[PDB]
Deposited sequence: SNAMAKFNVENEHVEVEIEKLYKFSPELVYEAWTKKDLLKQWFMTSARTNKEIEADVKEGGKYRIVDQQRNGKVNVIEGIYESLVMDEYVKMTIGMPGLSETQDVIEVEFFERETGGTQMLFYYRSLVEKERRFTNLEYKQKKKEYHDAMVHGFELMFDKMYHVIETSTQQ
């Protein structure tokens, strides 16, 4: 649809953890299973082939027997430095995640997260209605990723105490 536009989410987090510890959260299966679109208790399946061009597949338990399936690809993996991945399998577009890890002087890491997602324009939508749907979608994604990263934060914290 020539008319579908992207929302973009930009998130900066500062952690005391080393870039290596944060990068690991993104690239290790039994860590990702705890935070990335899933959690320890709701995770049904996770497969992750963590190399460039490799697939991941997360099945997450929702209410009343329903399931969420999340699949995508690692496009770029540079050690302690950079992950580019898709949400969506190259019906329905791929969202893009690009996340960079920088070492601070002081802390462990500055984490710079970028996300791009195509929002579908509905039949007969006014300019305002479309703009309102992208704003709602953006705020929902900001909130869902915040909740994820702060979950990711405790998963990292509890490998540091246990």
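Colleague: Give me the ranges of the deposited sequence that have no CA atoms here, in sequence order.
Modeller: Going by the record, the segments left unmodelled (no C-alpha atoms) fall at 1 to 7, 98 to 99.
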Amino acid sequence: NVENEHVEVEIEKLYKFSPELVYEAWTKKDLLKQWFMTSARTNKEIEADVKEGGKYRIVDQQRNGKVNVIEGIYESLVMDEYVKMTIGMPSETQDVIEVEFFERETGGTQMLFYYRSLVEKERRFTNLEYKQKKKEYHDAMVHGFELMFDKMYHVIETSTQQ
From here on, numbers count along this sequence of modelled residues.
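Colleague: Based on the entry's values, in what third of the chain does the Cα temperature factor of residue 116 lie: lowest, middle or highest?
Modeller: For residue 116, whose C-alpha B-factor we compare with every modelled residue in the chain, the answer is the lowest third.
Colleague: Relative to the other modelled residues of the same chain, rank the CA B-factor of residue 93 and answer lowest, middle or highest third.
Modeller: Tercile = highest for this residue's CA B-factor.
Colleague: Hey, what third does residue 128 fall into on Cα B-factor, ranked over its chain?
Modeller: Its C-alpha B-factor belongs to the highest third of this chain's values.
Colleague: What third of the chain does residue 46 rank in for C-alpha temperature factor, lowest, middle or highest?
Modeller: For residue 46, the deposited C-alpha B-factor lands in the highest third.
Colleague: What third of its chain, lowest, middle or highest, does the C-alpha temperature factor of residue 60 fall into?
Modeller: CA B-factor rank for residue 60: lowest third.
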